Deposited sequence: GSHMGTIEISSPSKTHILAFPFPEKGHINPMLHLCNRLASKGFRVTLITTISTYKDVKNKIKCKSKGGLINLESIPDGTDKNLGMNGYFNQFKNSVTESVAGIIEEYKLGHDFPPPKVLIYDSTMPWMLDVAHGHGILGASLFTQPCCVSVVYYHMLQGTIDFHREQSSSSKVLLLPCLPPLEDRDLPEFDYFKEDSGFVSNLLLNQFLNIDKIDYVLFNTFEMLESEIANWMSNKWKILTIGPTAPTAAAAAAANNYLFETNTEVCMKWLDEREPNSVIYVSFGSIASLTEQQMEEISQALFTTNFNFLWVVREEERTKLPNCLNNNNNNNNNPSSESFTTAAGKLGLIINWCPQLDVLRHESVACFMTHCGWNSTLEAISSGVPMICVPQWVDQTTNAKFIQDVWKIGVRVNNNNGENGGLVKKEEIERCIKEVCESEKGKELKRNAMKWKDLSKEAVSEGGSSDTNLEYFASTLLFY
């Protein structure tokens, strides 16, 4: 006869903590990843600052994710330094308290891993200091991330005096990068060094991270992902957003109704993300282009940005018939993924934030690139010249993008034979995007590696 005990380690008895930096471009890929992990059966606790808790609570539906709030640690009114140092002190202690709370509880399994935003690398020390694994979630592509790595290593001169000559930078497994293709820190002026260090320091403890996760897929970034694979065991697990236990954004019904009433491939979707704020002159140039183009438009203009519009109680939305006989809608926020996947959307005029770029890739929507800072410039270079799914506008070579140049790009993407090829390329990358996260695809495999190895004794 036999006698003894069997212990089973399963996703249902495995507790994943996740902690995004409180900006939408960081929260959203983290949330999507939490949804996929919950679907595999894991217990998942999303930790987020109290000021983003409401936004996140309104978005998550059907249940599977356990939500915890922590203090903001900031007030958003101070300058970047201080807003950040207080921030790091505050969330270290509060996440540490959550970790210990769940180690001692009985409703949940003890935490086995903390998934933390890659720009908060000190959270690896919190995870290890409490005896649990640390997964660093990068929310930018491999290609721009490697540029930060090379910048941190201080081997090549990244200083730019662009006024006396033009520089082109060659890094391994990357295309030649002109000066305008480098991640853009000069916009931030005296805080350029601080923003820079934030992104560079993602790599301070790369050798010690238990899981390095990238919201990208291998085929999209083949050469550079492999390069990174040979140095670190990175796991490309993207897109974390679902293909065509979910996220519900506001104004979903409004935008879907409006788009349903347009013709297929008739709408330019315009958004500059959750953070960027364009000058009122830049808003003017974009306005006049969209009001004279041969297409309908849906333009997200955030509430705080309505004052920058050309034009006492800023409307939450505004409906238009344009000078070319088309229809426009300005709205404070939309379900961007549903919008990009709508048959009416012909192209995406974007600031080229990474989530916007990859959502567009996963939706097969070609792009007009109007990058503003950090990784957006590098993303635009890859969108136009590598993936060939969009066109980048030309600034005085920070410079204003004039309506005529915006119109140029709209006509190329939306009217020309070249535009038809960009669309074909975008549908191709969308299929590869789907294959990566389907069973046996590179991202499904890499995410299963993370999930399966979490169970090991």
item: Unmodelled ranges, which are counted on the deposited sequence from position 1 and given in order; value: 1, 64-67, 250-256, 324-331, 416, 419-420
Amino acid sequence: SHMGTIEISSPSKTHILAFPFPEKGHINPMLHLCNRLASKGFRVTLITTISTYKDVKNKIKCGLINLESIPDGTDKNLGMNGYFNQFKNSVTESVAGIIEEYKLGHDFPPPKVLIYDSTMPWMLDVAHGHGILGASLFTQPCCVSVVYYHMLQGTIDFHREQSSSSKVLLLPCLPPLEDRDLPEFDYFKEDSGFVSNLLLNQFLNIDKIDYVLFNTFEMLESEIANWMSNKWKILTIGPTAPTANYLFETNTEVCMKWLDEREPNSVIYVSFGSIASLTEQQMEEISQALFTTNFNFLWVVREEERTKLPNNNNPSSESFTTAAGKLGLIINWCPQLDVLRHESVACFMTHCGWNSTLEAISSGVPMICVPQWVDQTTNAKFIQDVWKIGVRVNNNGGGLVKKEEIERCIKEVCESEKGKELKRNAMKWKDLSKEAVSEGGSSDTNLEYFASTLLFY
From here on, numbers count along this sequence of modelled residues.
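Just so we're on the same page, rigid core means the largest C-alpha set that superposes within 1.5 Å between forms.
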{"query": "Core-aligned Cα RMS comparison in 6 other deposited structures of this protein - stretch that moves more, 181-189 or 82-90", "finding": "82-90"}
{"query": "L64 left out of the model in a third or more of other PDB entries", "finding": "yes"}
{"query": "At least a third of other PDB entries omit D338", "finding": "no"}
{"query": "Of 216-224 and 180-188, the stretch whose C-alpha atoms average the higher B-factor in the entry", "finding": "180-188"}
{"query": "Residue stretch of maximal mean CA temperature factor, 72-80 vs 292-300", "finding": "72-80"}
{"query": "Which of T377, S136, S277, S266 ranks first by CA B-factor in the deposited coordinates", "finding": "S277"}
{"query": "From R408, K59, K430, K388, residue of greatest CA B-factor", "finding": "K59"}
{"query": "Assigned third (lowest, middle, highest) for the C-alpha B factor of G105", "finding": "highest"}
{"query": "Chain-wide C-alpha B factor ranking for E23, given as lowest, middle or highest third", "finding": "middle"}
{"query": "Ranked C-alpha temperature factor of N251 among modelled chain residues, by third", "finding": "highest"}
{"query": "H351, C-alpha B-factor rank within chain (lowest, middle or highest third)", "finding": "lowest"}
{"query": "Relative C-alpha B-factor of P29, binned into the chain's lowest, middle or highest third", "finding": "lowest"}
